[PDB]
Amino acid sequence: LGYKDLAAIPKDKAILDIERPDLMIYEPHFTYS
Amino acid sequence: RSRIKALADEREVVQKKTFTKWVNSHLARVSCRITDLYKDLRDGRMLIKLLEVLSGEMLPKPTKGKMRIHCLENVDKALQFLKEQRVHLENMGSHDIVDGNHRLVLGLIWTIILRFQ
Amino acid sequence: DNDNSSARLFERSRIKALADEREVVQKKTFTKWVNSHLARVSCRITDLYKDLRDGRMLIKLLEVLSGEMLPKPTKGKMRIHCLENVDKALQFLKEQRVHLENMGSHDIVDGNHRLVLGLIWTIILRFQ
Amino acid sequence: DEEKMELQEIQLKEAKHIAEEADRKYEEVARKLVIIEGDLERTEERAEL
Amino acid sequence: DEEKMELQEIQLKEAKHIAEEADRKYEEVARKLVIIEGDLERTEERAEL
Amino acid sequence: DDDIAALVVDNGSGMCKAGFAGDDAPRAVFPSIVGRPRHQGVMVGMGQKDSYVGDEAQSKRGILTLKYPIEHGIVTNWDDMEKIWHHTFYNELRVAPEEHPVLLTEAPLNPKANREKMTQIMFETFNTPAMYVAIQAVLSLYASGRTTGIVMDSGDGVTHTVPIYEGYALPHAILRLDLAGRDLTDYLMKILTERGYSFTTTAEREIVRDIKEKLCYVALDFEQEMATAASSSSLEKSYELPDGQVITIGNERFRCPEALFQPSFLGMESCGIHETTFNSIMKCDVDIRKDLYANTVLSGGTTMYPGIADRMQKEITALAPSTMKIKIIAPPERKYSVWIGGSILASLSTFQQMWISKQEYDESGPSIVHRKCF
Ligand SMILES: Nc1ncnc2c1ncn2[C@@H]1O[C@H](COP(=O)(O)OP(=O)(O)O)[C@@H](O)[C@H]1O
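The rules behind the values
Residues numbered from 1 in each chain as written, not as in the entry; some residues may be left out. Chains lettered and ligands numbered in written order. Part of a larger assembly, values for the part shown. Heavy atoms only, no water. Residues with missing side-chain atoms left out of burial classes, pairs and counts. Helix = DSSP H or I, 4+ residues; strand = E, 2+ residues; numbered from the N terminus. Buried < 20%, exposed > 50% of the residue type's maximum accessible area, 1.4 Å probe, protein only. Contact = heavy atoms within 4.5 Å. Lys, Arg positive; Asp, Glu negative; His and termini not counted. Charge placed at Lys NZ, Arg CZ, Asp CG, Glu CD. Polar contact = N/O pair within 3.5 Å; in protein donor to acceptor, adjacent residues only side chain to side chain. Pairing = 2+ DSSP bridges. Axes fitted to C-alpha atoms, helices over the stretch in contact; angles between N-to-C directions.

In the PDB archive, cryo-EM is given as the structure determination method for this entry, at a resolution of 3.6 Å.

### Focus: the overall build of chain C
Looking only at helices and strands, chain C has 6 helices and 0 strands in total. Reading the helices (α) and strands (β) of chain C from amino to carboxyl end gives α-α-α-α-α-α. Here the C-alpha coordinates of chain C stretch approximately 60 × 30 × 30 Å along the principal axes. Looking at chain C residue by residue over its 128 residues, the buried ones come to 37%. Sequence-distant contacts, at least 24 apart, represent 50% of the contacts inside chain C between residues at least 6 apart. Computing the positive centroid from 23 side-chain charges and the negative centroid from 17, chain C places the two 6 Å apart.

### Comments concerning the overall build of chain A
For chain A, the helix and strand inventory stands at 2 helices and 0 strands. Reported as C-alpha extents along the three principal axes, the dimensions of chain A are approximately 40 × 20 × 15 Å.

### Considerations on the side chain of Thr-159 of chain F
All names here are of chain F. You can see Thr-159 is positioned in strand β12 (residues 159-165). A relative accessible area of 4% means that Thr-159 is categorised as buried. For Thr-159, the side chain forms a polar contact with the main-chain oxygen of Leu-179, separated by 2.5 Å. Apart from the residues lying within four places of it in its own chain, the contact partners of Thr-159 are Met-152, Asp-153, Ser-154, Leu-175, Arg-176, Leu-177, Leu-179, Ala-180 and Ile-273.

### Points about the sheet that holds strand β10 (residues 130-135) of chain F
Residues and elements named next belong to chain F. One open sheet holds the 6 strands; their spatial order is β3-β2-β1-β9-β10-β19, and the pairing between them is mixed. Strands with a single pairing partner mark the edges of an open sheet, and in this sheet they are β3 (28-31) and β19 (356-357). Against the sheet, helix α4 (residues 136-144) engages β1 (7-11), β9 (102-106) and β10, with an angle of about 85° to β10.

### Re the pairing of strand β11 (residues 149-154) of chain F
Residues and elements named next belong to chain F. For β11, the tally of buried residues reaches 6 of 6 residues, placing the bulk of the element in the interior. Residues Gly-149, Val-151 and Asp-153 line one face of β11 and the alternating positions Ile-150, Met-152 and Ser-154 line the opposite face, and both faces are buried. Relative to β12, β11 runs antiparallel, the two being bridged by 6 bridges. Pairing of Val-151 across the sheet is with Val-162, part of β12. Summarising the sheet, β11 and strand β17 (residues 296-299) pair through 4 bridges and their orientation is parallel. Bridging across to β17, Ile-150 finds its partner in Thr-296.

Structure, rendered in structure tokens:
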């Protein structure tokens, strides 16, 4: 299967899509934005 | 609902499916299948048979019995055999496997995969 | 004080009016030229100063004019990703020996009018 | 034991409903927050210039 | 039956904590939203003037 | 991108964080504690564990002597650090380190042998292809979203301020102070003796730390708050121990973090964090201090107390000249800001040429890092 498929390495980078990382809130997540 | 544990859970469920599919192919040579990775490894007989299949040698036969202490000895035999073949393990004990810690048993399966690729 | 007041009035009237009036017309002609070349790849710019901040328009314009593939811009909306894109464009101009003075990534990113106009004029004069 | 157990079950499900309502309110307030400080950013810049 | 009862009791404990904590967070964030909204309003006033 | 995503590992004194590059949040966060049993072993037939590493050591604190491999930002014991790294790579991230470049963080001012040993261990044992060392405050500035400001980062072992103007750092203005969360924990454990509660062993240090994390705040005015707390009992909280007793923290809520601003409470003659930031600013040049006033960034978990930002702003504004504006910028997720900056750092295409290759390590040896990193 290869090493690429055995480990669930993320294909996409989530940090690129985001705006202004200082205004990020971790502890609630029930919404996409 | 924190991002940390959410990302952790999605990676764990993907790896839990993949490792079950991997162990079933090797365990199909004997007449054994693993329905669930966390629940079917608490007795330790399946781990003994999996290492017996992969290593090419036989292990000491497991102690009988449905007790907790018997399960602890059963998984300790497999862990001792893994320590025999120069395989390095950190923070891995019999009560960790028997109790059912998810990350530790997944790391155990991953370590066996990397040793016996 | 009166001599100094009248002198700096002469500055802020004549010097400022002449420079600002010239840059307005010069910007309009430049953006018309850029829209003329950018119709091939189906992109267009409304404002010269604002639209060049991201640096993707500059990369596409160099793709049009050179006719050859540049490195792909990084899909990032940060400040440093904008600096990265503008630096990629300026570096691509740098290998082909086009001379530039006082040109920096932050000069384009923060929106300096004279520097952006000078870069566009250099691209017009020395490339095509 | 049985007659206590059904009361335990009822209290569990109704507490779950209460928690869902709390999540409702907190999420919409967070939306309104983020919109507000964005507008405040823009206004503070305008006042400075 | 006794063991299933004890289980249900412990989930009831956990749910009560989760509901109370969510409500407290919602109250504080509502405070913060109102204050920032008022500051936004008079900043807009000053800039326009 | 055709290349394997790198691993970002942040190694503080208190907690270790780890994740993949390009992700907004780390995958593994766990305390960096190594435990060993101390009692007599009976019930033959059950498991044999030589040491407890990380979160499991926090679950069985009763029968363990808990040790911190990193203290004051310096790796005192290396076998424990290797155990922490092995548990991170194989049990938490489940990835082979030979397929991934790694990114590592450390304090600004520290011994050179720390960097050399870190590079030597992570090349020679884990067989990683490439690695890099970054400074945590620079990554905090990366994650803040701006390229100009002064960073004050205080972890569990060290506090440091660096100023950076338009991508240029000033090494003569970098300030380091050895006053962090562990000293606050010890001071709280000492001053809890007044009310009659005694905590001595290493297992109770985590209980005292939980009390500090849940029931502490920074007062705006210290003497007025002391008079208010001595007037009545309106500022009192109750915390229950794991065995059942309930203690009343009362007056100690705003006396533990006050040692951050007045180190003379701990017997040290150094200045507080506000005077350290101000002295670091005045060590810079004349032209850039106005921009450094407006872009003060707080980082690290120790700055997570309620009311720390308002007190810091009030302290700095009095010391600073009154003619301009002081802005303290405190992101809500400042606890993970270092790792977020590390993730952004490994996502740039320009950064891909700055890795220390295995060929370079074979050529120059472990001395390459001082030439290559920073
Ligand atoms: N919510 C909180 N409130 C107050 N203090 C906290 C909080 N969370 C953590 N801390 C303090 O911060 C320390 C953790 O800092 P951390 O950022 O992990 O340092 P490092 O990552 O450099 O080891 C802990 O020892 C604790 O004392």
